[PDB]
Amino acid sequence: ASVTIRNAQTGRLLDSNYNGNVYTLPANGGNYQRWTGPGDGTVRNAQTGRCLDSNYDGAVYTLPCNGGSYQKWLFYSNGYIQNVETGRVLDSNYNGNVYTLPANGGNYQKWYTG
């Protein structure tokens, strides 16, 4: 069981690499664009096994999963993906940058997961 996480505004897929960088890219069929969620709050890259992660400065990255709540995420019915620790929401732009920001209701902060 793995899902893609697609930005509602740009259509680009959340994606990450073994270096820990998180970004969005047009869908390319690769496993780096699939994510698993064991049900402990984590969103884990299907290819690298690293956990989606972010800090209070709004940086998003992956790290090996370490049990901290920076690596826990809440999926809302409106498509927000909120960081448990910071309460900021996963966000991205047309150029492929991924970050978190306080929720502003706009579509860049909305994601389709499936």
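Residue indices: 1-based, along the sequence shown.
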85-93 versus 33-41: which one carries the higher mean Cα B factor per the record? 33-41
Mean Cα B-factor comparison, 70-78 or 57-65, giving the higher one as deposited: 70-78
Looking at the temperature factor on the CA atom of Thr113, which third of the chain's modelled residues does it land in? highest
Quick check for you: using the entry's CA B-factors within this chain, is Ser2 in the lowest, middle or highest third? highest
